Amino acid sequence: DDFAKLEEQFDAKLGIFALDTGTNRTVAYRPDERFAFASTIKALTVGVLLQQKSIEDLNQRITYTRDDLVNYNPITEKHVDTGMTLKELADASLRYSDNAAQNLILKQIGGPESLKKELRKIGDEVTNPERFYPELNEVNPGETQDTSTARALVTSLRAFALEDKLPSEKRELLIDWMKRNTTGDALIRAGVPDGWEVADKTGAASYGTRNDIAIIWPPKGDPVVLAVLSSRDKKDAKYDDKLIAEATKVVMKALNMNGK
């Protein structure tokens, strides 16, 4: 009942799914409960981008304007005059959670409806992309627009990063971006022992939604793929990163990973 205890300590709802790809062992807590996916969708969106382009095609320069900027544009706001390549957009999106970068990438693959179709093609019938930033963060309880589940996000992230939805050189680009994410140090990363490599993508949205999805490599062994999702009752709720860090610690102990 440690996940329940965390829900109690943090006045939140948790959604957990974790798969040890070494043993096929699984840790689940509300694994099929929907949450707003928030910026975790950025990781899947780059998976789809990568599928649709050669590596060299990522060097395509995307010109854009001030009207492409939205609520959080840490990288894209600096390069309006020069544009940015698709590769640079992917970097910004994954490593800084640049919202305008996600929108520009979405545009290049044909929009939310197109993303949805490519996700269905790789076998995800759950994740429901419908809107761009900033609106995709606004999901009320019981709505399904721009939501997914912990099980579906783990399944989809594994498929792109570790299985055969991408060729090895494209898996490597995705993995390396997510390993070097700047936004996640207080989340899954904080619940895994020092030195263990972590690839992650965070998210935050309305109703105090606070998410992280990750691949976690022990020093030797097959990786664990994990989604820790959370949300709260009030629309303007605050979140606490420590919830996600502590949930991760529970998952790691439940998988017999602390230590090795």
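Numbers here mean position along the shown chain, with the first residue as 1.
When the header is checked for method, it gives X-ray crystallography, 1.5 Å.
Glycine is no exception: its Cβ is also placed from the backbone N, Cα and C atoms.
Per Swiss-Prot, these features apply:
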type	residues	note
ACT_SITE	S39	active site, acyl-ester intermediate
ACT_SITE	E135	active site, proton acceptor
BINDING	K201, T202, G203	substrate binding site
Cβ-centroid neighbourhood (8 Å) of the substrate site, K201, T202, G203 excluded
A38, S39, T40, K42, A43, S97, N181, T183, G184, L187, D200, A204, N211, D212, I213
Tell me the Cβ neighbour count for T202 (substrate binding site), meaning other Cβ atoms within 10 Å of its Cβ, over all protein chains shown.
26
A correct count of other C-beta atoms within 10 Å of the C-beta of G203 (substrate binding site) gives 25
